[PDB]
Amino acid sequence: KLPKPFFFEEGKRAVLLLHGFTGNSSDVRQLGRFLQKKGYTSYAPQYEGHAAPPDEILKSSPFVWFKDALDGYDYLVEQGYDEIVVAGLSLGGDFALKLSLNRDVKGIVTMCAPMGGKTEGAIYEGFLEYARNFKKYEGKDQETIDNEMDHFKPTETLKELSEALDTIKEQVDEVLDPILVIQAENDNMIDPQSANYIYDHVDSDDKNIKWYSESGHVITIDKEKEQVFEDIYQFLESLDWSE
């Protein structure tokens, strides 16, 4: 079965966990379980068309995915959690920054978040590989996979993604809330210098950047995830919770 949103309820301090483009809640589930062990509630929404056949992404848009993130914040509030940190991986880190401008958060965590909308190379190739792997997961024979990929047209989706990222980069200077910026030094999906851009251009009064030298882009599931989780916990413990 494909992943679904999760909601791990513990104490009154809550974390909204946002996944990346073509990702899903499985990329943040271990972080959610760690946060639960430490007493924090977490909710991980999923973007429209994700955890589903890749054509559903082509029929959706980043505009909807950001609304899915906002809906996740609003779901936490409806469920009784008013004090929320937003933590996002990759595109979700961009959405975490933008969400902080649209909803009241106690803090922001960005994890390998890109700055700017370059899609040529790694993002484009990653999306095609995601689609090919999904069709093999569907049990399709090789001729069917090959022919469907000949007709898979990601250009409009990647253009929308690029424009959404460009817009968020121009909003970074509006960010005010406490922030932890996390980045893998050896990221082969985005420019790791994005992390310096975020750190230097937010207007937050409380900021920290952490680099990890042995992790790849999906840092929440890779070889240093335990240290990443501990660094997130120490950030959360430093914030202005009412309880």
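Numbers follow the displayed sequence, beginning with 1.
Judged by mean Cα B factor in the deposited record, 212 to 220 ranks above the other of 43 to 51 and 212 to 220.
Higher mean CA temperature factor, per the PDB entry, when comparing 132 to 140 with 72 to 80: 132 to 140. As recorded in the PDB entry, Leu158 shows the highest C-alpha B-factor of the residues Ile108, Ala113, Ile168, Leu158.
Reading the B-factor column for the CA atoms of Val64, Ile190, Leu31, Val202 in the entry, the top value corresponds to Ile190.
The deposited CA B-factor of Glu56 belongs to the highest third of values across its chain.
The PDB entry assigns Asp177 a C-alpha temperature factor belonging to the lowest third of its chain's modelled residues.
Annotation for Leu239: C-alpha temperature factor in the middle third relative to the rest of the modelled chain, per the entry. Among the modelled residues of its chain, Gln36 has a C-alpha B-factor that falls in the lowest third, as given in the PDB entry. Among the modelled residues of its chain, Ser100 has a C-alpha B-factor that falls in the lowest third, as given in the PDB entry.
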